[PDB]
């Protein structure tokens, strides 16, 4: 089922609305305002009877030189005897690098003015720095946290969101593997991203980490939570892992990814160095944000203004729409403001280029649209997308703090949402590889004919017609087959077919992987992959790896060799989408330029369509065919307008070079493979060609000269290193007797061939 939302007004919502009408504050100076001469503290809490500032030398009581300094009484901000809801004090002198908490004595929202008070110690709601484990805030000069050349670091923004290629990455996963070639100190840390010239096992043969990303050519890296989360003990062991969907401090970097979580400035500088390194690599940084819930209701929000910041049921229970125990009340004036101010902070202070909203379905449409407008004032190329669903039933008031009707930012309400707030298309996801809820379930690539309609509607970003949900335009659609949640693409292929064990190479499974690649990059919308999808990433069948072993979760960098051909295929498919404007369109101007051979809703083993282009200097027409049959199929296009074709992607390779020609309207499409072709006239005139070198790898029985296994194609930049390997799937009764050509070397302009010659063998042991 899809979870429900309910409009219910009660004592709590009416109390919160009254608080907004009187005390809503837009002053822009809540938290700490540092200067060398003085530091000013501001806390918003209309429910409070008193607020006390506590100063410490260190962020925890374990550290050397840790001591309580003193405590101070904050005073109400009055004008002509009228309180604006804000507490303030100004400390004269130099207070930088001191740590602090607030002691808030307060009622709840439904008992303001009463003697029913409780006192809570808490970090600042508007913390820009904390000590270890985010318990104590830190007074910092943010200038001191700027790395070398930070002033010259610019945003990396896509001209159009639909021109993106997103690599969804977890910071520990990136470099926790020793084979990553990243230094001992920086493995699984922010600073891993700053290490150039890293290679597999540091042997200097093939690129890893940042150099690998430059070669792959992804436009965008989306980072899993690097705001401060609860679920990793920052004073604990290095082997701890969590995705970090457990927020504690929204505007403070995560401590565990830094080299030193005790000094609050170090993580800020190192977090900025990561973002700079990615910007220097020409890559856009998208931040996974989780305003929909906090780890617990024992939070800075609840301790400051009890029952204001969370959606309250009539029974006094916290609404659990997140499935994590609570949901943030985005409809409230001061959380709306907090969220928007937070987004602007990460953009301006950390140079973040966009956001992925966790459970965007829990966040109200008005708030989301206002956030889009705010970020537009900085730059409208700043990207926004999110999950158009919740994680449970959500109880909200009828209206927002503005007096407009509450609407959740779900798939169902895509029409009410800005067309530049994109939504994850679970339609094409389930269409391609099968239900995400069931690892054993088949989609189109595994041979489901019923799944074809999922793919076919996905091809135009679910923006043409209606199947499941409808995007306003391709700009409002994220096109993907897998993410960090549920099974990896290759794990679902393995589980659903039983072709092999998890993480084991299988020729037919890899064919299916290549086909998924073809679909993603011949589909409209914002193309998105899990980091390592291109190298057949496995989690050993883990369908919820959020707190699983770090070595299970980590990117196995050996896969860039083991699946170098698959990486090469993705690398080439990315080039195709980038070269052909209809695929990267933001609007619906190309919707009526598609000619599907069969009905879009057809149950078929072969999907085919043509796309008419209108951009001068590009290809005039593209033909796309997906064949999920176990045999080769002759597919005849219904569109006969073009009868001279150049093939640019097949079962073997993909890219901008001609792989052969086709006369007429009929194409022979190999089993479990795609064909991408373009009009010959256009291919000649456009002058679009590859600058990448090729290596063909053959596997031959020496005695007969016959192939034991299909040849594969590696592709990469001329001068970049490659490593070929003997085929993993060849029976154990054959052994490599001899190698022809350069098994290892650098790509050249001319294609090189490597042949692994095999002889008769009996394992024995």
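Numbering follows the first chain given and starts at 1.
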Could you check the entry and say whether 283-291 or 103-111 has the higher mean CA B-factor?
103-111
420-428 set against 184-192, stretch whose average Cα temperature factor tops the other in the entry:
184-192
From 673, 413, 523, 691, can you pick the one with the highest C-alpha B factor in the entry?
691
Check the PDB entry and point out which of 208, 513, 315, 251 has the largest C-alpha temperature factor.
315
Going by what the PDB entry lists, where does residue 155 fall on CA B-factor within its chain: lowest, middle or highest third?
middle
Looking at the temperature factor on the CA atom of residue 405, which third of the chain's modelled residues does it land in?
highest
With respect to C-alpha B-factor, does residue 623 fall in the lowest, middle or highest third of the chain as deposited?
lowest
Split the chain's modelled residues into thirds by Cα B-factor; residue 204 lands in the highest
Using only modelled residues of the chain, where does the Cα B factor of residue 144 rank: lowest third, middle third or highest third?
highest
